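Letter by letter, the chains look like this.
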Amino acid sequence: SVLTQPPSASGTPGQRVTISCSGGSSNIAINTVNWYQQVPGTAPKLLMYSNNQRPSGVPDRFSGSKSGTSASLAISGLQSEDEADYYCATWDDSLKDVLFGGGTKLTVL
Amino acid sequence: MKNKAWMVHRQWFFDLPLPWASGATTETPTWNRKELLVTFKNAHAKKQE
Amino acid sequence: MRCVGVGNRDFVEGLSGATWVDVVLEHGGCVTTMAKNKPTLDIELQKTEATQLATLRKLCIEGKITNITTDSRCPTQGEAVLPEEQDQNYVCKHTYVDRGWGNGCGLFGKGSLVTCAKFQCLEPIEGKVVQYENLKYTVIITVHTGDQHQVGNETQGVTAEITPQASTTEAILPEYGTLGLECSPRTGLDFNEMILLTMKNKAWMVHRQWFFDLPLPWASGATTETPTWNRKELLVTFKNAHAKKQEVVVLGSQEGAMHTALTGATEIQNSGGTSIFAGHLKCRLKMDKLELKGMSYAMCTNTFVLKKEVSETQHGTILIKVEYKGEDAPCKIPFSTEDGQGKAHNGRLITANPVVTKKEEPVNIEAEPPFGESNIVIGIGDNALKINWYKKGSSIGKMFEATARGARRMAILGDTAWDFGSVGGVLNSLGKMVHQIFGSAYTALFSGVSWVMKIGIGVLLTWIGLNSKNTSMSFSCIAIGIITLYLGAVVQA
Amino acid sequence: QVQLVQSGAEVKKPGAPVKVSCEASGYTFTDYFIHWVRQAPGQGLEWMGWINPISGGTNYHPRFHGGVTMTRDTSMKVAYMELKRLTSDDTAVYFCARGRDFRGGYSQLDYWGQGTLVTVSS
Amino acid sequence: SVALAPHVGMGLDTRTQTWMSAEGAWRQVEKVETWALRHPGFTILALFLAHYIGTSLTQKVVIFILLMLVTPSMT
Amino acid sequence: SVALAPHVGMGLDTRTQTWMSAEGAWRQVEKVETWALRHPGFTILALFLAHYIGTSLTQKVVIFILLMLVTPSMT
Ligand SMILES: *[C@@H]1O[C@H](CO)[C@@H](O[C@@H]2O[C@H](CO)[C@@H](O[C@@H]3O[C@H](CO)[C@@H](O)[C@H](O)[C@@H]3O)[C@H](O)[C@H]2NC(C)=O)[C@H](O)[C@H]1NC(C)=O
Ligand SMILES: *[C@@H]1O[C@H](CO)[C@@H](O[C@@H]2O[C@H](CO)[C@@H](O[C@@H]3O[C@H](CO)[C@@H](O)[C@H](O)[C@@H]3O)[C@H](O)[C@H]2NC(C)=O)[C@H](O)[C@H]1NC(C)=O
């Protein structure tokens, strides 16, 4: 299989918006998902270095987990500086390669 | 294991030598029989690694 | 004094007409030499190293399956083929599957079904060999001059890098002379066929044919950029469930299987160059120019005092640390032992002839007393320091322990144990030749037999010898039974 | 600190091989991974292949075996990737990232460099 | 380690084939064969033992075959 | 390897320890013993086979030990 996540829009007032990542029975349903956000034009940083563990990203407002075949991320208190493209990447074990997603154009008003 | 599954006779599923745990997925499993996997080698006398 | 308390040392006292004595330097075990008029100096092997590694048979330990392709042909019109199958990058094998109107054939019948997959290299494990020329041996030399704190010191000594090019070397000791080293690296180990199987961060010693017999796919072993594998079917299996399709799996990671496999291999260190430990080398010592310091020194007369506690090491030898109290910088230390208040003077001063180089800090003597309770004096006069000692054991115990140690030496060192500590005696050479032919014939039989199987075979042959009829019973029983039992008892070590 | 210089961006012509150097110092380079993820302009980034500096071989994405090659050196702690064939397709900036050897950490790309950029034209 | 003692004969019979029937059908005999090709020395010893213990023909041949199977496997 | 043919008994041993001695000393033996305690059914057949083959207690014992040892190690 292959993962596909949708691009979506949001607003600068704080609200829970869910970046859902959908996969299959061999790539993400058994393995740890990894969440990336990139400021456009430069090197993406890592947002979640485990399934639900953040190394140094904006704390207490970026938290998410995965359920079965789906992984999701939740952001709270999203302001304008959070304008970024969000990536979910999971390790595929059947094809012995990591499976990066197409990308979300998360625009915040 | 990984993306593959199997059916093994139960009596044979405890006699294969590996560390085993309670299977309570509590994020800190205290593994029984850890000695089996890790191996100590002692060089000619002296130190131990 | 690097040899004190090592748990593997062995005394090799002796010389010859032209003053050579040969000795096998077991790695991790240090030998000590003695003579009537030569200084007792200590020899220990260290760091048999190599350079310019040659690589061959670069193995593969994990695969990666990509580009799964399959082709089917209608029943009874020839086997299926794929033009992609010819390329060496593909693993491909064809089974039979029933083909029907339900999957678009002409008529019901068995049909061929090739399925091919793109095997990809991943985590190769290289096995290198060593050009025999590049082997390099270093031998440290420590003389028994008692320093303030030179007891079992390991950095102290004089290195002598001995390579097969420079089979003969000098050894310029401080104010003692030149110790000659005749060597024979040809018989150290059969490095004509060893392979240095380097793992992720580990490297080992293996036999050649065994290495060629590792059941994993292998590459050219050269420095090529795109390796081509052979016998790729080993790391990949085909699942044909009740004859309907064909799927391919990569069969995981054989790392733990390898770590379990090399159950009898030794160890080296891989850090840039590889210093291969665990090897023995014989060296014919040359005592031509060694001369004792302070032979003409004046024997001083004053009281001595015992700075450190007397403490005996394993296998019968004791350490005395004493600082001279007087005025004679060139003093040599008197010594005498009297047991039962007699004049027996039995025993041996294991150190050559201790001398106090400087007054301020002690020079420490080493000596081996007799088994019985014996007193030991140092100085001269009423105030002469006297030390009591009581060694535990008897002569027969020492004989038994020496015999066991010699047997352990013979079993591990093969046919070179008779060269150990030799003088050149005609009896010794003949014994070595006879043991060499007998042991070569013997090990020709048991090349590859294990712990328990050797023990059981020994039991079976000692039984067949015990109850047999004709005079071959004693030869078979004694020889084979004893040899096999004593090898089963001490092996894999 | 630990970082990846990734040298400087260079652009060439089709039919020639280009090289992208990628050095990471500040830590023991042997244990960790290098991932070489490509990123196209206005497109998602996809990962291609690991390289274990100590003993590792190339494990490219299925799209890219025989299209790229990866080499490395342990003494200088640098990983080399070169493009054996430049078509018109590969017009993007190629990255580096440190990866763990954990099964859950194969996608663990904690640290990234600047990003060496290469485009192809006449 | 765990690589030893597969449950080949575990007896949970099934109609479809197993995980690796193709290799596992012959891997043990392959090990014995490659061990014998590597090391010819044990053959002489096995022949000697069988000849000097086997009273009859059948006993000799059974002893020889068992000895030639056990040792490569016990290696 | 397949971990079925350990590199053992090659004769090129030295004073220094091997890669794994404390465990490889008893690995195969423990496999045989756990097999035997798990399945006693083979013991009856082995006893019969050793017993009805031409019987001198030397022959019976060696046949029984070998036959009980070979099947576990080489399944
Ligand atoms: C093994 O051999 C080394 C090499 O000599 C020994 O190191 C030596 O240690 C002594 C200490 O007992 C040093 O002497 C002292 O030096 C200090 C200055 O640091 C000075 O103030 C004292 O008056 C005395 O002279 C000696 O310099 C040093 N030699 C070196 C480093 O080359 C070592 O102690 C020996 N023993 C062991 C167990 O390592
Ligand atoms: C092994 O399988 C992989 C896929 O699992 C094959 O990758 C395929 O590679 C081709 C060319 O390298 C891709 O075509 C390209 O598609 C993009 C889509 O936007 C298009 O814009 C380009 O112009 C180009 O046509 C193809 O998409 C890709 N398949 C994927 C990613 O699923 C690979 O070729 C196979 N290797 C073989 C057969 O040797």
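Rules used in this analysis
Residues numbered from 1 in each chain as written, not as in the entry; some residues may be left out. Chains lettered and ligands numbered in written order. Part of a larger assembly, values for the part shown. Heavy atoms only, no water. Residues with missing side-chain atoms left out of burial classes, pairs and counts. Contact = heavy atoms within 4.5 Å. Helix = DSSP H or I, 4+ residues; strand = E, 2+ residues; numbered from the N terminus. Nonpolar A, V, L, I, M, F, W, Y, C, P; charged D, E, K, R; others polar. Near = heavy atom within 4 Å. Polar contact = N/O pair within 3.5 Å; in protein donor to acceptor, adjacent residues only side chain to side chain. Areas by Shrake-Rupley, 256 points an atom, 1.4 Å probe, with all protein chains shown as cover. Pairing = 2+ DSSP bridges. Axes fitted to C-alpha atoms, helices over the stretch in contact; angles between N-to-C directions. Core = buried A, V, L, I, M, F, W, Y, C linked by side-chain atoms within 4.5 Å. Buried < 20%, exposed > 50% of the residue type's maximum accessible area, 1.4 Å probe, protein only. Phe/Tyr/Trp six-rings, centres within 6.5 Å; stacked < 30°, edge-to-face > 60°. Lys NZ or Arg CZ within 6 Å of the ring centre and 35° of its normal. 1 Å grid on protein atoms, 1.4 Å probe; cavity = no way out; pocket = protein on both sides within 12 Å on 5 of 7 lines; lining within 4 Å. Points joined across faces, edges and corners; volume = space filled by probe spheres on them. Buried area = accessible area lost by both parts, 1.4 Å probe. Salt bridge = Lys/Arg side-chain N within 4 Å of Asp/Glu carboxyl O. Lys, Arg positive; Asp, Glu negative; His and termini not counted. Patch = residues over 30% accessible without salt bridge, like charges linked within 9 Å, V, L, I, M, F, W, Y side chains within 5 Å. Expected span 1.5 Å × (residues − 1). Arc of directions from axis to C-beta.

K.L.:
Help me understand the interface of chain F and chain C, please; the structure alone is not making it clear to me.
P.N.:
The parts lose accessible area when they come together, and the size of an interface is often stated as this lost area. On the chain C side, the residues contacting the 27 residues of chain F number 38 residues. Those elements that place two or more of their residues in the side of chain F that touches chain C are α1 (27-38) and α3 (57-73) of chain F. Among the elements that make up the side of chain F that touches chain C, the one with the highest residue count is α3(F) (three residues). Residues of the side of chain F that touches chain C, tallied by class, amount to 14 nonpolar, 10 polar and three charged.

K.L.:
Would you take a moment to explain the site of ligand 1 for this structure?
P.N.:
Every residue close to ligand 1 is listed here: C:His149, C:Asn153 and C:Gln156. Within the side chain of C:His149, one N or O atom sits 3.1 Å away from an oxygen atom of ligand 1.

K.L.:
Looking at this model, I keep getting lost on the site of ligand 2. Mind explaining?
P.N.:
Around ligand 2, the neighbouring residues are C:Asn67, D:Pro62, D:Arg63 and D:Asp89. Each of chains C and D places residues next to ligand 2. For ligand 2, an oxygen atom lies 2.3 Å from a polar atom in the side chain of C:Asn67. Coverage of ligand 2 by the protein amounts to 30% of the 740 Å² it exposes when considered alone. Considering only residue class, the shell around ligand 2 consists of one nonpolar, one polar and two charged.

K.L.:
What exactly am I supposed to notice about the sheet that holds strand β9 (residues 109-119) of chain C here?
P.N.:
By way of backbone hydrogen bonds, the strands of a sheet pair with one another, either parallel or antiparallel. All names here are of chain C. Strand order in the open sheet formed by three strands is β7-β9-β8, and the pairing between neighbours is antiparallel. Bordering the open sheet on either side are β7 (65-72) and β8 (90-99), each of which pairs with just one other strand. Taking each pair of neighbouring strands and ignoring which way they run, the sheet shows an average axis angle of 20°. Here β8 runs beside β9; their pairing, made up of 10 bridges, is antiparallel. Counterpart to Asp98 in the pairing with β9 is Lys110.

K.L.:
For this particular structure, what's the right way to read unusual backbone geometry?
P.N.:
Working note: non-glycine residues mostly have negative phi, and peptide bonds are mostly trans. For B:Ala45, which is not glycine, the phi torsion reads 45° and is therefore positive. Take B:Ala45: it is sitting in the segment after α1 (10-13). Positioned with a positive phi, C:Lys47 is a non-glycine residue whose angle comes to about 60°. Mapped onto the fold, C:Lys47 is located in strand β4 (residues 41-49).

K.L.:
Before we go on, may I ask you to explain the side chain of D:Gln108 in this structure?
P.N.:
Inspection of the secondary structure puts D:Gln108 in the loop between β9 (98-99) and β10 (116-118). For D:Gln108, the side chain forms a polar contact with the main-chain oxygen of A:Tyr49, separated by 2.4 Å. With near-sequence residues (within four places) excluded, D:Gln108 lies in contact with A:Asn34, A:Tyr36, A:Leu46, A:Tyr49, A:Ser50, D:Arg98, D:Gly99 and D:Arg100.

K.L.:
Please explain the nonpolar core as it appears in this structure.
P.N.:
General note: in soluble globular proteins, nonpolar side chains tend to be found buried as a group. Residues and elements named next belong to chain C. Counting residues in each nonpolar core, the largest one holds 40 residues, and the members touching the most others are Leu41, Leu179, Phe191 and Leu285. When residues of this core are traced back to their parent elements, those giving at least two are β2 (20-26), β4, β12 (136-143), β17 (180-183), β23 (280-286) and α3 (395-413). The residues touching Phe191, leaving out its near neighbours within four places in the chain, are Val130, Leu135, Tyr137 and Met205.

K.L.:
Which parts of the structure should I look at to understand the packing of aromatic side chains?
P.N.:
Ring pairs (aromatic) are described by centroid distance and by the angle formed between their planes. Tallied over the full model, the rule gives 22 aromatic pairs over all chains. Members of the aromatic cluster, connected to one another through ring pairs, are A:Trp91, D:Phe33, D:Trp47, D:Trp50 and D:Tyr106. A cation sits over an aromatic face here: C:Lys391 above C:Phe371, 4.4 Å from the ring centre. For the cation-ring pair, F:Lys60 lies above F:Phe64, with the distance from its terminal atom to the ring centre recorded as 5.9 Å.

K.L.:
Got a minute to help me understand empty space enclosed by the protein in this structure?
P.N.:
Picture a little ball the size of a water molecule; that probe, rolled over the atoms, points out where space is still empty. Considered as a void within the structure, the largest cavity measures approximately 240 Å³ in volume. Every residue lining the largest cavity is counted, 19 residues in all, and those nearest its centre are E:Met74, E:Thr75, F:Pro6, F:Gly24 and F:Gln28. In terms of residue count, the dominant contributor to the lining of the largest cavity is α1(F) (three residues). Looking at the lining of the largest cavity residue by residue, the class counts come to 11 nonpolar, seven polar and one charged. A volume near 70 Å³ is recorded for the second largest cavity. C:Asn8, C:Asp10, C:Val24, C:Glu26, C:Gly29, C:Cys30, C:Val31, C:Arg409, C:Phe420 and F:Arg15 are the residues that line the second largest cavity.

K.L.:
Would you explain the interface of chain A and chain D in this entry?
P.N.:
Contacts between chain A and chain D engage 19 residues on the former and 19 residues on the latter. Carbon and sulfur atoms make up 58% of the area that chain A and chain D hide from each other, which totals about 1700 Å². Its largest share of buried area at the contact with chain D, chain A owes to A:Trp91, A:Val98 and A:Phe100, together 29% of the area lost on that side. Inspection of the region where chain A meets chain D yields zero salt bridges.

K.L.:
Honestly, the arrangement of the chains in this entry has me stumped. Any pointers?
P.N.:
With 11 pairs of chains in contact, the largest contact count belongs to chains C and F. There is no contact between chain A and chain E; across them, the least C-alpha separation is 17 Å. Spatially, chain D is disjoint from chain F: no contact exists, and the shortest C-alpha separation is 18 Å.

K.L.:
Whenever I open this one, the environment of C:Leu107 confuses me. Can you help?
P.N.:
All names here are of chain C. The topology assignment puts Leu107 in the loop between β8 and β9. Expressed as a C-alpha distance, the spacing of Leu107 and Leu45, which sit 62 residues apart in the sequence, is 78 Å. Beyond its immediate stretch of four places on either side in the chain, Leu107 contacts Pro75, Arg99 and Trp101.

K.L.:
I would appreciate a short explanation of the pattern of salt bridges in the present structure.
P.N.:
Where side chains of opposite charge bring their charged atoms close, a pairing between them can arise. Applying the stated criterion across every chain, the model contains 18 salt bridges over all chains. B:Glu49 serves as the salt-bridge partner of B:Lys41, at 2.5 Å between the closest nitrogen and oxygen. The shortest N-O distance in the salt bridge between C:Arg348 and C:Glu368 comes to 2.9 Å. Here C:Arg348, found in the loop between β27 (336-339) and β28 (363-367), pairs with C:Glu368, found in the loop between β28 and β29 (374-377); they are 20 residues apart in sequence, far enough to count as distant. Classification of C:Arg348 by relative accessible area gives partly exposed; the value is 38%. Ionic contacts of the salt-bridge type, sharing partners, join the residues C:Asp10, C:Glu26, C:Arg409 and F:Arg15 into one network.

K.L.:
Quick question: what am I supposed to make of the side chain of F:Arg38 here?
P.N.:
When you line up the elements, F:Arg38 lands in helix α1. Although F:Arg38 lies buried, it forms no salt bridge, and the closest oppositely charged side chain, B:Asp15, sits 4.2 Å away as judged by the N-O distance. Among residues more than four places away in sequence, those in contact with F:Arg38 are B:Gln11, B:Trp12, B:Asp15 and E:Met10.

K.L.:
Would you mind showing me how to read a nonpolar patch on the surface here?
P.N.:
A contiguous nonpolar surface patch, about 570 Å² in accessible area, is contributed by B:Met1, B:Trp6, B:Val8, B:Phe13 and B:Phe14. Relative to the helices and strands, B:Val8 is located in the segment before α1.

K.L.:
I keep staring at helix α3 (residues 41-53) of chain E and nothing clicks. Help me out?
P.N.:
Since the α-helix packs 3.6 residues into each turn, any two residues three or four apart lie on the same face. Its 13 residues place the ends of α3(E) 19 Å apart at the C-alpha level, agreeing with the 18 Å of an ideal helix rising 1.5 Å per residue. Within the sequence span of α3(E), burial applies to E:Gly41, E:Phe42, E:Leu45, E:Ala46, E:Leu49 and E:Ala50. Down the axis, α3(E) shows its buried residues gathered within 155° of arc, on one side only. The exposed set on the far side of α3(E), more than 90 degrees from its buried face, consists of E:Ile44, E:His51 and E:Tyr52. Tucked into the core, α3(E) has its buried residues touching α4 (426-445) and α5 (451-466) of chain C together with α2 (27-38) and α4 (57-74) of chain E.

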